[PDB]
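Below, in structure tokens: the form deposited in one PDB entry, a single chain.
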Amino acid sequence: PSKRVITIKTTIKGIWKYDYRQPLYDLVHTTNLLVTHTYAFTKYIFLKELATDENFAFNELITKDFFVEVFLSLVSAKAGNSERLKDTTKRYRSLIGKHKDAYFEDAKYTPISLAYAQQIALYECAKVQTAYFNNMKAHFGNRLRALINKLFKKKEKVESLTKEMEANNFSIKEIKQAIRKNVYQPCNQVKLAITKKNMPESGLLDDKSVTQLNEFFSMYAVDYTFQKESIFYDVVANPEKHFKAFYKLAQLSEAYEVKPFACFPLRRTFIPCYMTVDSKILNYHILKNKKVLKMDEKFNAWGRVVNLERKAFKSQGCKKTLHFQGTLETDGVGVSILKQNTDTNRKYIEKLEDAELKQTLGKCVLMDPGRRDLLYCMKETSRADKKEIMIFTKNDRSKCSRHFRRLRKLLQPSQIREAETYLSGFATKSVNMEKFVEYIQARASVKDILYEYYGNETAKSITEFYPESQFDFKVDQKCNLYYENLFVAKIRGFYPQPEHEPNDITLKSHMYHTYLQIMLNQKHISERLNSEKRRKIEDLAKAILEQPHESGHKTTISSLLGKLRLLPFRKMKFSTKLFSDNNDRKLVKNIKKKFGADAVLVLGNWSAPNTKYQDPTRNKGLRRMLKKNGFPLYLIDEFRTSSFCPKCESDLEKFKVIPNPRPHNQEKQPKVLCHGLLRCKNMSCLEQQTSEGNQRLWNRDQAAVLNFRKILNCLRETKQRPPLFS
């Protein structure tokens, strides 16, 4: 039967028993480090073998069976029966050992004792293989086309021809035709020749390009022929026999100074990533059991670590057909619970029909998707005297993201900044041996500090990241208490105070003790400090009473509490996901409130491409979320929908000059033309006046939605798009 998987997110602090938390942290850290080293060592082996002999059989080694051996080579365990090893396993182990010692010295790494590491290796190597295959399938064709264009020197030839024809005073269309029939057509011929594996017609490429093409084609077998006479199709159809060639392609790109791309996937994030916790993994590593756990006890073991009666683990879906099957994905802070229904034992409005189009009368909502204003929505019944308008901007969605970004920017220790700047001198996506080895050494030089900083949530931390730092409590206008930037609690009886500015020494020296006492009782603060530090902190607080004027106690307490300034990055990501979900639900609720429960959504056809100097925009995900909530969503073209005046169909223009909207660019370009404000050239468009020259002013989104309404009405009345918007 059909299979579906539903994932539910939660936190370790909620479902995980305190008794078995540290083992989970240790397992997560070890697994993440081993996976990162597995990626690095796999790329190291591939580049070492391909950099010495090009006859190496690299295509057949991209499989989970080899990645598993690579992963296990990084773990120390008691040796088994070697004579029972599989034939391929022996070759994989020999190849790994050929470079194991060199890689350990390069990365300054030692094997980590981890018994029962087979399942973890399998789970991580499956993802490694998936990443390799997906990356190749995705980008092989595009990178091949880029290399083909570079080989023919398309840009250079185009520029040379254009600059030669300029001296002859040729016309624009003549230049375009000459470029088309002198550059583009031979380039397409070369494209076809390379696609069908046959060399192009003589003279289309120089000797160097011919040699490079010969080298590229030598990667494939002599008798091997691309299926359906298309390399771009054979890559998807039979990826297995292309990986080696892909590498060569990447090399050729670096031969032309093209921007490097990650041919070999690598894990570079220092924050621990999610790992799959299985029943066997839980039994062996977390429960520390030393005997086989069969399916009969499968759930009972889970009952000894987490509670299965909570909402998170309860059955879900229609008729409760989805059940938890003892598989989790956790990184020590966030937890993903998977539920499956089977055993684990191996349109456009212009193209709508009359019946569908005419049932939306009085329910259509016209949306103009912008960049800063994500959704400008207007209803059909909107009038000048009744504004049924809604605005959903980028600030509302980016509140939490910007807050977290500013927190990271301000709280980043200088040492981490220096480490990142130093590591910036070594590219990772390069396929050259020298650069990869240099990056390995550079990463080894700063891994300790980077992991300690980013693993502060669960890893042991001793480094002092904030030397010569003094912390003083502050209270904002809302009576919220902050240490430096860490929220403590809201004081509801703070305003009542004596006359303004009681600057006596005793008050300002003793309020610190009161604020410290208030802070220490907070759960989210106490849980972050162990008894060893808490006892000393309380002892110093006691001494502060005797001598408030002394500053040494404050410095000592600040040094002790410096741990609180580190950020929970994983929990920040979890909160970001929750904030995104909350924003989606808030938008749905606002749409259902302002417009109606059964409102029909009309959205612009803008693709919202990622453009330089602007933040990423959510367009496809927005439509998917809207449809998932039951809103009928239909696309309407935006052709000439913002360059005409709805009042009289006259053209619009930009006139207002405003300082640069972005403050940081004001010092460079002080003023720019307003983009969201337009005016109608037709003077008579505005109501009667004593020749004062006033002209109607429009917000571009409002004009766009009005033109959308015009188009919808024209389609309803005639079923054809209005001529002005053809």
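Start at 1 with the first residue shown and count on from there. We call the rigid core whatever largest set of C-alpha positions still superposes within 1.5 Å between the two forms.
Below, we refer to the form deposited in another entry, which is not included among the displayed structures.
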Single mover in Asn629, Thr514, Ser113, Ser575, with Cα shift of 2 Å or more between the shown form and the other one when the core is superposed: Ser113
Is_shifted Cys479 between the shown form and the other one (CA, 2 Å cut-off, rigid core): no
Post core alignment: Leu564 C-alpha displaced by 2 Å or more between the shown form and the other one: no
Did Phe232 shift 2 Å or more between the shown form and the other one, C-alpha, core superposed: yes
Sense of CA distance change between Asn582 and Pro609 in the other form, threshold 3 Å: farther
Cα distance between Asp615 and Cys400, which in the other form differs by 3 Å or more from this form, closer or farther: farther
